[PDB]
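A structural walkthrough
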Amino acid sequence: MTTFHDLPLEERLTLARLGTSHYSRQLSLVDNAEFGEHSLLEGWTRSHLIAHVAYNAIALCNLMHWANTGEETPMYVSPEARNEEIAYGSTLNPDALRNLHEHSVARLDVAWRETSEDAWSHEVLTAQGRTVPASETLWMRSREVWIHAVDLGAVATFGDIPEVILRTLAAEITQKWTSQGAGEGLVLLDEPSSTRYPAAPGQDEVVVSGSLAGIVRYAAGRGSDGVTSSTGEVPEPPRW
Ligand SMILES: [Zn+2]
């Protein structure tokens, strides 16, 4: 069982496009009057989330420009600028935000469509400091649209997410925790497939198990309803 990264470029582009359409269907379900209400993400109204998804598309466009021109263009000018623009976007009227989402989506797709073969492997830097090939934007965008589709609070679920994306997320999140020395002894178990996703090593093992969608929702900090613990009590997972 392969990861998103092993997939051919065309299939990764399709998954990103599918996730975007999935996210857009959820946004379409939300009413303009509901933008000001809390999203499923603490501290963020739907407007904040909707703005963020658009600014992320724009940030990924920067990496693709960097890739195609060879001229360094970071995802965001600065952490402050990233936060400040999300703050600004969250104040915009609903239709303005729907237009921003639509246009930012369209522009990122064009960026991908016009990317040269060599540019796809050009090294760029993520906002988190990772050195990756430009093609990583296909994965990065997929994480955003498939997961934030759920955060919109309409009808999207982790169960809606293609397994290849869920498997890659389970591995990535636990790999991130491991790199940070987080989640000592904590191991996620995709019970149906008997696949373990360990974090940092510890003396007391705690196995949190469920279906793949269940452990990913859990690892993503979005709930424990789909998992159970080997100790009878599910701990709060390390942040992500
Ligand atoms: Zn995000």
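Residues numbered from 1 in each chain as written, not as in the entry; some residues may be left out. Heavy atoms only, no water.

The next point concerns the nonpolar core. Among the nonpolar cores identified, the biggest contains 71 residues, and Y23, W112, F158, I165 and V216 are the most heavily contacted of them. Counting residues per element, the ones that place at least two in this core are α1 (9–29), α2 (46–69), α4 (94–113), α5 (136–151), α6 (163–179), β3 (186–190), β5 (206–210) and α7 (212–219). The element best represented in this core is α2, accounting for 13 residues. Each of two domains, domain 1 (1–159) and domain 2 (160–240), supplies a minimum of three residues to this core. Once residues within four sequence positions are removed from consideration, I165 is found in contact with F4, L15, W139, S142 and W146. (Core = buried A, V, L, I, M, F, W, Y, C linked by side-chain atoms within 4.5 Å. Buried < 20%, exposed > 50% of the residue type's maximum accessible area, 1.4 Å probe, protein only. Helix = DSSP H or I, 4+ residues; strand = E, 2+ residues; numbered from the N terminus. Domains from an automatic or database assignment. Contact = heavy atoms within 4.5 Å.)

With that settled, consider the domain arrangement of the protein. Interfaces are often described in size by the accessible area the parts lose on coming together. Split by domain assignment, the protein resolves into domain 1 (1–159) and domain 2 (160–240). Between domain 1 and domain 2, the C-alpha centre-to-centre distance is 24 Å. Each partner contributes to the interface: domain 1 provides 24 residues, whereas domain 2 provides 18 residues. Sorting the residues of domain 1 by area buried against domain 2 places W139, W146 and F158 first, and these three jointly supply 38% of that buried surface. The tally of links from domain 1 across to domain 2 stands at two salt bridges. With a shortest N-O distance of 2.8 Å, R222 and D151 are connected by a salt bridge. (Buried area = accessible area lost by both parts, 1.4 Å probe. Salt bridge = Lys/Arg side-chain N within 4 Å of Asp/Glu carboxyl O.)

Here we take up α7. One turn of the α-helix equals 3.6 residues, which is why residues spaced by three or four share an orientation. For α7, the tally of buried residues reaches seven of eight residues, placing the bulk of the element in the interior. Residues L212, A213, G214, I215, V216, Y218 and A219 constitute the buried set of α7. On the buried face of α7, the contacting elements are α6, β3, β4 (195–198), β5 and β6 (227–229).

Attention now goes to the packing of aromatic side chains. The full count for this structure, using the stated rule, is one aromatic pair. Ring geometry for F4 versus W139: centroids 5.2 Å apart, planes at 45°, classification tilted. With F4 in the segment before α1 and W139 in helix α5, this residue pair connects regions lying 135 residues apart in the sequence. For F4, a relative accessible area of 0% corresponds to the buried category. We classify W139 as buried; its relative accessible area is 0%. (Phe/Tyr/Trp six-rings, centres within 6.5 Å; stacked < 30°, edge-to-face > 60°.)

Our focus in this paragraph is the sheet that holds β5. Pairing is mixed across the open sheet formed by four strands, whose spatial order is β4-β3-β5-β6. Of all the strands in the sheet, the pair left with one neighbour each is β4 and β6. Between one strand axis and the next, the sheet turns through 25° on average, direction left out of account. Bridge count for β3 against β4 is four bridges, and the pairing is antiparallel. Considered in β4, the bridge of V187 is made with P198. Relative to β4, α6 is tilted by about 30°, and along the sheet it contacts β3 and β4. On top of the sheet, α7 reaches β3, β4, β5 and β6; it is set at about 150° to β3, its chief contact. (Pairing = 2+ DSSP bridges. Axes fitted to C-alpha atoms, helices over the stretch in contact; angles between N-to-C directions.)

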